[PDB]
Amino acid sequence: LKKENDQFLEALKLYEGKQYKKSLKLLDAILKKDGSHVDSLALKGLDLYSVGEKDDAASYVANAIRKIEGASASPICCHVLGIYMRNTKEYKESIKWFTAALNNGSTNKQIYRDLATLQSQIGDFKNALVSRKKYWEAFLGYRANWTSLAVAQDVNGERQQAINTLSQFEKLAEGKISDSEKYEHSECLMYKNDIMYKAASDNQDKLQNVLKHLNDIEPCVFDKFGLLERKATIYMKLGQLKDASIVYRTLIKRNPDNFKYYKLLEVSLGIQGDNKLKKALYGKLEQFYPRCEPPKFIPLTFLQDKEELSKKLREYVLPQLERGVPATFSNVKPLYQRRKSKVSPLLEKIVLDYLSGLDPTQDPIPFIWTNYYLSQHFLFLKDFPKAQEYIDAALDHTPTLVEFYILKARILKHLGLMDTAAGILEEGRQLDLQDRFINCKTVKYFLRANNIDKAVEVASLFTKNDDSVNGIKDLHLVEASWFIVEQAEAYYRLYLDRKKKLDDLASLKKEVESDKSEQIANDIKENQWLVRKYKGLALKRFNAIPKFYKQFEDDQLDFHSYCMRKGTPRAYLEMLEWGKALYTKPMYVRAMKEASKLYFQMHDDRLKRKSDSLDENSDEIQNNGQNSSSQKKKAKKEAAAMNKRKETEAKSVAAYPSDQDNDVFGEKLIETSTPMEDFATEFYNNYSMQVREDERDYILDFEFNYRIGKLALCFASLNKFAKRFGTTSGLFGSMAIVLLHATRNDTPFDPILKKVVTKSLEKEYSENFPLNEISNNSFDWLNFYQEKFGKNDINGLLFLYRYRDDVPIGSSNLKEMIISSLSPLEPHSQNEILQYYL
RNA sequence: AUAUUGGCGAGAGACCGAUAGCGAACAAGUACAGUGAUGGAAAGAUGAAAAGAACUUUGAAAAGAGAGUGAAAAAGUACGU
RNA sequence: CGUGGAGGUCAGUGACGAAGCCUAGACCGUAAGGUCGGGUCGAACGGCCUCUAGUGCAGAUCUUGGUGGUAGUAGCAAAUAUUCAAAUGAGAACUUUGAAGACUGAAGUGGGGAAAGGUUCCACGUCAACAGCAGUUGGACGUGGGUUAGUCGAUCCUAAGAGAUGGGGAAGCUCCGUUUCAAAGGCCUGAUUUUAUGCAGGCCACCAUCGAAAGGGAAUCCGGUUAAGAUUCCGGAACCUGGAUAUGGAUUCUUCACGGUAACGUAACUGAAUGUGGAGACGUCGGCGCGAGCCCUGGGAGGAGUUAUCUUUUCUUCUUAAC
RNA sequence: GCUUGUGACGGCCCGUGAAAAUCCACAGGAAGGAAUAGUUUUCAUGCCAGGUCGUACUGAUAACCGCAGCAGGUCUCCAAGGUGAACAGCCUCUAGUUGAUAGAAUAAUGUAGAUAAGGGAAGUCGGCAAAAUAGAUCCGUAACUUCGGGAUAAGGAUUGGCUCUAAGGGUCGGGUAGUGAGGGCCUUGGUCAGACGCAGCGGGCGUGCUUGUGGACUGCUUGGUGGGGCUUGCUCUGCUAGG
RNA sequence: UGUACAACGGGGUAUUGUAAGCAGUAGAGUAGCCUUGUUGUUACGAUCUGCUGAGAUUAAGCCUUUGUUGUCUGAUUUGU
């Protein structure tokens with residue numbers, strides 16, 4: 001060990017700059033003479049990972065790791081390994097390697113800052129505080145160190161220490177602040193105010209001191225919105241009402257279009273009990289802002305007189321109908337969610353009286369806007385023929401509006417006509433090809449109309465077309481979600497339709513002379529193969545949204561240092577909250593539920609087709625053999641044609657690169673080994689570790705914990721659901737019946753778990769569900785359910801129909817009851833349930 | 001008043017044009033061969049101007065694949081056509 | 001008909017490109033030849049009437065220069081001889097190191113030299129050309145350093161030889177001769193107190209020069225120090241020549257010494273011209289005596305190796321100069 | 001036992017087998033000289049200088065010459081141990097090389113060596129080429145002749161290894177008894193050059209290191225505070241310092 | 001995947017010729033000596049005899065062998 005270290009030191013400068021081939025050549029020349037060099041292998045792994053290679057880089061890194069016994073080597077190798085782990089989404093190993101390097105003897109304090117970022121990604125703040133303290137004591141000439149120390153002491157719990165540190169820093173640097181460093185300083189001041197907020201509590205002297213400090217720093221703080229908000233909060237936490245009212249009036253003068261400021265002023269003034277005071281206040285404020293909308297929308301929520309309410313509604317709808325806004329119904333969208341038989345008749349009467357005095361030629365714009373508003377109002381009131389008549393009259397009057405076509409497509413979708421709606425919306429979109437919202441709506445409605453190829457062809461227009469025949473790669477690079485969700489649902493519907501198709505084809509079973517279904521089977525086989533391939537592609541596309549969220553969370557590497565260098569601690573806390581709440585999105589929950597349903601269906605049908613029927617030799621023959629008719633050449637030609645078609649299909653639906661993911665066909669995802677383990681270690685642990693209290697889907701947790709052998713979690717979730725959302729829901733009774741049928745000794749599980757669940761049920765719910773009817777086969781649970789919770793619930797009936805194999809409570813009677821109970825709903829939902837859910 | 005391929009200083013061609021013209025248009029009594037009196041050559045002009053190759057990659061290099069200079073490098077120093 | 005050049009003309013053409021080259025492209029002329037078109041390529045060139053020749057191509061075993069069949073054949077066969085492990089690298093039948101196995105079998109394939117080569121010896125880096133294969137190797141390439149004399153030679157003298165003046169012939173470049181019909185030169189004493197070294201005398205005639213770095217010859221070694229020089233440098237000890245000059249010894253009033261019969265001796269113990277003698281100075285063959293070196297061997301003091309069996313065992317060190 | 005140098009020698013000649021420079025000696029007698037000192041530096045010591053040019057390497061199947069690193073030509077001193085008359089032929093030590101494109105089959109035909117049953121030159125222009133004979137001692141040895149030769153003529157007999165026998169030399173020595181020198185005198189006793197030199201209690205010359213104690217800076221389980229900003233957790237310049 | 005084959009070893013058989021090592025009052029005779037002898041012994045001593053009718057090879061172009069050790073798919077080319 002003499003010349004190899006010199007060559008490594010002379011080649012390290014190539015990696016330090018912007019050189020890769022010259023360093024790789026030197027590493028190869030070194031390894032050609034001695035292959036047992038750990039530093040050279042560790043550098044070559046990172047060099048191959050930084051240029052594009054993945055397999056060779058991982059192999060070299062694994063070899064370098066295996067060629068290490070103790071923790072006593074050069075710190076450069078450990079630093080390179082830490083960089084590699086940081087670049088390969090490995091935080092624990094990177095932290096361990098950096099700690100081992102710093103424990104050996106490194107004179108580079110900046111490495112400590114790296115740890116201050118790494119642990120900042122895993123939440124380990126106990127050692128992060130010490131790392132920040134060391135990195136601050138190492139260099140005393142940058143405000144980023146002070147900001148990082150303040151943030152670390154505020155997040156942990158050292159509030160007084162952070163206040164003292166900020167005070168000492170401001171005393172030492174009083175007057176030595178440049179111009180560009182003023183704003184940041186102001187931001188820091190605001191952050192200190194936030195710290196003082198944590199020292200506010202309910203003490204009078206503390207709040208007075210915070211108010212005095214805020215009034216003293218007001219001439220120095222540049223941010224005025226947050227300053228005035230904190231001032232109003234302090235005034236509300238004390239007792240001064242006039243000063244708080246003045247602050248809120250100043251905020252309104254700064255920005256009148258804000259419902260939050262108006263609500264806070266209403267709460268501060270204490271006039272929420274009397275209606276005349278609020279009426280006079282809003283009538284006086286209307287003269288100050290005649291062009292706003294909250295001052296005219298909020299007073300429509302506490303009116304009791306019918307004549308006054310009608311007059312206010314008329315004065316609110318007259319300017320909107322005169323100027324013509326594409327959101328008039330939106331302006332009354334939330335009110336319709338809270339009022340109905342009391343407000344909607346008066347609004348309809350006013351609109352009819354206004355329309356009876358208009359003219360289709362003198363005032364065409366108010367005429368068409370009144371027609372659109374009437375169509376919206378009737379569509380909201382479950383009316384369809386009159387809405388279609390109004391939209392047809394509007395199209396005949398002025399066929400140059402996209403909103404009319406959008407409303408027609410929405411009505412046709414609500415009436416179960418998806419294809420006609422897609423056709424009308426495409427025809428309307430072809431009128432002007434410059435808007436993207438209408439294109440996205442058309443693609444979504446085509447995906448909802450069992451039309452995927454045309455939807456993709458329409459979407460492949462505004463996308464960047466380079467190394468692909470369509471724009472699927474561009475749609476995946478712009479970070480999409482709704483498109484994938486809407487396309488996977490169409491794939492699932494098309495796959496479920498094939499089940500009914502095969503059932504109808506097998507119901508004949510070659511009845512008498514039925515050679516038509518026997519002589520024609522190649523097309524059916526090709527259609528089934530295509531449907532299976534698209535179903536696999538759907539499962540492949542499902543593995544994207546969680547991966548996208550993981551990539552978004554991992555891309556916060558340089559942000560931990562940027563938020564401290566630029567001086568944005570409040571933005572850092574906001575980013576932390578955003579990263580913690582990432583797993584609380586509705587689209588994420590929907591995608592996770594769909595993935596769970598798919599995995600459970602795959603587990604079920606795999607365990608069903610594993611050991612069933614008989615004669616495997618007569619079933620594993622398939623085709624590719626016509627006896628004495630050249631079977632080898634025929635099978636070879638068939639395989640060649642299938643491969644040639646699959647290559648073109650994969651190039652058409654190309655989304656992921658070939659060097660990044662080889663599972664393009666998706667055959668390995670639909671035939672995995674442990675689906676439940678993968679779903680728990682990839683899709684469930686994150687949602688379990690990052691979740692609130694009231695926002696928690698108990699149905700998905702119950703479905704996940706049912707088929708694993710753990711019933712205590714099921715009982716806890718059921719108890720929490722009954723305590724939160726009450727006990728008068730059909731879902732509670734359905735889950736209780738499912739649990740009672742699962743605790744039967746006939747089902748192969750754990751007798752101890754069944755016994756403890758039975759004891760818990762007998763101890764908790766003793767006068768709700770008969771727990772002594774598990775031995776009688778004549779007791780019908782459907783009658784008891786419809787007597788207690790009733791048959792009007794749809795979610796409970798859907799859950800009982802989904803879990804009917806393990807709970808024998810009938811089938812035909814349940815289906816008839818569901819059909820009879822679905823009638824007071826919308827036709828499209830009824831059709832979808834009868835076609836797929838039933 | 002006559003002679004003058006040697007030497008210095010000048011003006012010219014119906015003269016050959018570099019395998020010629022004096023042996024030599026260049027490091028031409030140079031190198032080279034012989035102990036000798038002596039014999040005695042071959043070798044021009046890339047490009048207006050080196051501005052003749054910064055830089056990437058392959059290769060241990062030589063050099064190649066580029067890029068680029070440059071009217072034009074089927075003008076790259078073994079170079080007018 | 002074609003080419004070099006010149007006079008007149010077409011107010012000729014031409015880098016929006018000529019000359020030249022290629023053209024299983026065409027046209028004209030019986031033919032020597034000319035014209036256009038496509039590519040090359042870049043600087044000047046063509047027709048008409050005449051004039052001026054260093055004016056035409058296939059070989060003259062013609063000259064210069066370049067290139068094929070042979071042919072990737074012939075051939076890389078004497079001096080009895082190579083293998084294994086590590087290092088330098090892209091590359092070890094060929095390099096270096098280690099272990100062997102072998103040659104010269106000491107009138108050596110070794111140490112030093114006279115010719116002869118003239119920086120080829122040595123260090124660093126280096127493989128484009130040389131080492132008829134290969135090569136990171138070299139007496140190859142580029143950059144640098146390296147040759148110390150009183151004791152060696154040299155220098156000088158001379159033999160066999162060459163040769164210049166005085167002279168003799170040749171028109172002459174020059175031939176003979178060189179002590180031969182040549183009145184040819186330096187060398188010691190005395191003068192001194194203008195003499196500085198000239199002169200008043202005794203006198204000797206040798207007769208020019210060059211030429212044998214193994215002929216003769218005034219003078220030394222020891223040990224070590226360099227990537228190369230060692231008898232030259234370093235430390236020590238002597239010898240020869242030349243010129244200065246003092247000390248002591250010896251000699252003397254038997255002024256230039258004694259002893260031994262003798263051959264001769266004792267540390268010095270006046271002295272020139274001239275003459276004489278000796279050294280210098282010398283054949284081969286064969287033996288004898290002596291000395292030195294080489295070689296063998298004993299005692300004794302060390303070091304190395306054997307030891308299935310045995311050997312007071314086999315080898316090596318124990319040296320001394322010039323004076 | 002080998003090489004070299006030297007001295008007297010024996011034979012050789014109608015070849016009897018070199019100069020000069022330079023030095024030394026003798027004959028000779030010119031000239032000079034004494035001691036109150038004049039000579040003597042061919043006696044020993046004491047002073048200075050000896051100039052100029054060569055100096056490396058090769059001296060050869062690679063450094064010279066043969067158009068090239070070409071089994072060709074080039075002089076001189078040195079050189080061991082064993083067999084062996086021998087400086088030959090063979091093996092080895094000191095010393096110098098491992099370099100002369102390499103490997104595998106290893107068939108014709110060739111280069112360099114041989115083997116060859118019986119006959120034997122009959123082969124060929126010719127036994128030229130091969131092999132024989134051929135190392136040391138002995139017997140024997142013709143014709144001829146210029147009587148010196150022929151003559152190792154021809155022809156043959158022995159010739160290994162171990163252990164023994166006889167022979168060819170030198171250097172030494174020719175008495176007993178009384179005496180002197182035992183010119184070795186050992187030894188017992190000393191006389192006084194019995195010195196030079198072995199070793200120690202030692203002294204000086206500074207000085208080589210520590211236990212136990214007045215002190216010192218940098219530091220810690222840290223007890224307690226001049227001040228500032230937060231007007232509570234808290235922050236900073238810090239400070240008197242108990243141990 | 002096999003009474004298949006290869007390298008060793010056991011033999012059959014052949015070439016040469018009685019080894020290595022020890023022992024023997026063997027050994028032509030010679031020295032040291034001591035109780036000096038009716039075999040006196042310590043060493044030198046070419047050789048002779050006893051195991052040796054073994055020892056050296058036994059295969060490259062001889063024969064066999066369930067013994068020992070193993071091997072058993074490295075690439076190219078083909079059509080009326």
# chains A, B, ... in the order shown; residues from 1 in each chain; ligands from 1
$ closest_atom_pairs --of "segment 95-185 of chain D" --to "segment 44-58 of chain E" --cutoff "8 Å" --atoms "only C-alpha atoms (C1' of nucleotides)" --output "tab-separated table"
residue	atom	partner	partner_atom	distance
D:161	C1'	E:46	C1'	5.4
D:162	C1'	E:46	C1'	3.7
D:163	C1'	E:45	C1'	6.9
$ interface_residues --of "chain A" --to "chain D" --cutoff "12 Å" --atoms "only C-alpha atoms (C1' of nucleotides)" --output "PyMOL selection string"
chain A and resi 146+150+153-154+157-174+192+195-196+198-201+203+205-210+212-213
$ atom_distance --atom1 "atom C1' of residue 120 of chain D" --atom2 "atom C1' of residue 154 of chain D"
23.8 Å
$ interface_residues --of "chain A" --to "chain C" --cutoff "12 Å" --atoms "only C-alpha atoms (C1' of nucleotides)" --output "number ranges by chain"
A: 29, 32-33
$ select_by_dssp --residues "segment 426-655 of chain A" --states "alpha helix (DSSP H)" --output "PyMOL selection string"
chain A and resi 426-429+437-447+453-459+472-477+482-508+516-519+522-542+545-554+559-565+569-581+586-610+631-652
$ interface_residues --of "chain A" --to "chain B" --cutoff "12 Å" --atoms "only C-alpha atoms (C1' of nucleotides)" --output "ChimeraX atom specification"
/A:19-22,25-26,29
$ write_last_selection --atoms "C-alpha atoms" --output "PDB file, in the first residue's frame"
ATOM      1  CA  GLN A  19     -14.597  14.380 -15.371  1.00  0.00           C
ATOM      2  CA  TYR A  20     -15.798  10.769 -15.501  1.00  0.00           C
ATOM      3  CA  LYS A  21     -14.103   8.850 -18.328  1.00  0.00           C
ATOM      4  CA  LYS A  22     -10.611   9.893 -17.216  1.00  0.00           C
ATOM      5  CA  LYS A  25      -9.835   4.722 -16.967  1.00  0.00           C
ATOM      6  CA  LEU A  26      -7.560   5.321 -13.971  1.00  0.00           C
ATOM      7  CA  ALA A  29      -5.867   0.646 -14.635  1.00  0.00           C
TER       8      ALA A  29
END
$ residues_around --residues "segment 16-26 of chain D" --least-positions-apart "4" --cutoff "6 Å" --atoms "only C-alpha atoms (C1' of nucleotides)" --output "VMD selection string"
chain C and resid 157 to 159 283
$ write_last_selection --atoms "N, CA and C atoms (P, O5', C5', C4', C3', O3' and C1' of nucleotides)" --output "PDB file, in the first residue's frame"
ATOM      1  P     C C 157      68.637  15.698 -31.049  1.00  0.00           P
ATOM      2  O5'   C C 157      69.552  14.452 -30.663  1.00  0.00           O
ATOM      3  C5'   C C 157      70.790  14.633 -29.990  1.00  0.00           C
ATOM      4  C4'   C C 157      71.453  13.311 -29.695  1.00  0.00           C
ATOM      5  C3'   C C 157      71.634  12.383 -30.885  1.00  0.00           C
ATOM      6  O3'   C C 157      72.766  12.709 -31.673  1.00  0.00           O
ATOM      7  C1'   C C 157      70.712  11.168 -29.085  1.00  0.00           C
ATOM      8  P     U C 158      72.676  12.652 -33.276  1.00  0.00           P
ATOM      9  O5'   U C 158      72.786  11.099 -33.610  1.00  0.00           O
ATOM     10  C5'   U C 158      73.842  10.316 -33.074  1.00  0.00           C
ATOM     11  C4'   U C 158      73.505   8.846 -33.084  1.00  0.00           C
ATOM     12  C3'   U C 158      73.219   8.237 -34.446  1.00  0.00           C
ATOM     13  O3'   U C 158      74.396   7.931 -35.173  1.00  0.00           O
ATOM     14  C1'   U C 158      71.559   7.548 -32.914  1.00  0.00           C
ATOM     15  P     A C 159      74.359   7.871 -36.778  1.00  0.00           P
ATOM     16  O5'   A C 159      73.906   6.377 -37.097  1.00  0.00           O
ATOM     17  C5'   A C 159      74.724   5.277 -36.731  1.00  0.00           C
ATOM     18  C4'   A C 159      73.988   3.968 -36.864  1.00  0.00           C
ATOM     19  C3'   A C 159      73.308   3.718 -38.201  1.00  0.00           C
ATOM     20  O3'   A C 159      74.202   3.255 -39.197  1.00  0.00           O
ATOM     21  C1'   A C 159      71.809   3.205 -36.450  1.00  0.00           C
ATOM     22  P     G C 283      75.587 -10.370 -27.165  1.00  0.00           P
ATOM     23  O5'   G C 283      74.512 -11.327 -27.849  1.00  0.00           O
ATOM     24  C5'   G C 283      73.523 -10.805 -28.724  1.00  0.00           C
ATOM     25  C4'   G C 283      73.077 -11.838 -29.728  1.00  0.00           C
ATOM     26  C3'   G C 283      72.610 -13.166 -29.153  1.00  0.00           C
ATOM     27  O3'   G C 283      71.265 -13.134 -28.705  1.00  0.00           O
ATOM     28  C1'   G C 283      74.134 -13.571 -30.908  1.00  0.00           C
TER      29        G C 283
END
$ closest_atom_pairs --of "segment 115-175 of chain C" --to "segment 99-110 of chain D" --cutoff "10 Å" --atoms "only C-alpha atoms (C1' of nucleotides)" --output "tab-separated table"
residue	atom	partner	partner_atom	distance
C:132	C1'	D:101	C1'	9.8
C:133	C1'	D:101	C1'	4.4
C:134	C1'	D:101	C1'	8.4
$ residues_around --residues "residue 143 of chain A" --least-positions-apart "2" --cutoff "12 Å" --atoms "only C-alpha atoms (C1' of nucleotides)" --output "ChimeraX atom specification"
/A:136,139-141,145-150,165-166,169-170,172-173,177,181,184-185,188,563-568
$ residues_around --residues "segment 515-529 of chain A" --least-positions-apart "6" --cutoff "9 Å" --atoms "only C-alpha atoms (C1' of nucleotides)" --output "VMD selection string"
chain A and resid 495 498 505 508
$ decode --residues "segment 22-41 of chain E" --atoms "C-alpha atoms (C1' of nucleotides)" --output "PDB file, in the first residue's frame"
ATOM      1  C1'   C E  22      24.852 -56.713   6.736  1.00  0.00           C
ATOM      2  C1'   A E  23      27.466 -60.972   8.020  1.00  0.00           C
ATOM      3  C1'   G E  24      31.453 -64.861   7.114  1.00  0.00           C
ATOM      4  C1'   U E  25      38.501 -68.194  12.327  1.00  0.00           C
ATOM      5  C1'   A E  26      37.590 -66.385   3.695  1.00  0.00           C
ATOM      6  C1'   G E  27      41.045 -62.927   1.769  1.00  0.00           C
ATOM      7  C1'   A E  28      47.046 -63.174  -1.052  1.00  0.00           C
ATOM      8  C1'   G E  29      50.017 -59.612   3.426  1.00  0.00           C
ATOM      9  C1'   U E  30      51.360 -55.258   6.149  1.00  0.00           C
ATOM     10  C1'   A E  31      51.489 -51.914  11.178  1.00  0.00           C
ATOM     11  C1'   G E  32      50.011 -50.845  16.772  1.00  0.00           C
ATOM     12  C1'   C E  33      50.403 -53.521  20.675  1.00  0.00           C
ATOM     13  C1'   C E  34      48.547 -56.840  25.316  1.00  0.00           C
ATOM     14  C1'   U E  35      47.738 -61.664  30.025  1.00  0.00           C
ATOM     15  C1'   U E  36      52.597 -62.228  23.928  1.00  0.00           C
ATOM     16  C1'   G E  37      48.994 -66.899  22.134  1.00  0.00           C
ATOM     17  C1'   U E  38      48.545 -74.045  20.159  1.00  0.00           C
ATOM     18  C1'   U E  39      42.257 -69.768  16.017  1.00  0.00           C
ATOM     19  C1'   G E  40      45.236 -63.002  20.365  1.00  0.00           C
ATOM     20  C1'   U E  41      43.069 -58.738  18.853  1.00  0.00           C
TER      21        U E  41
END
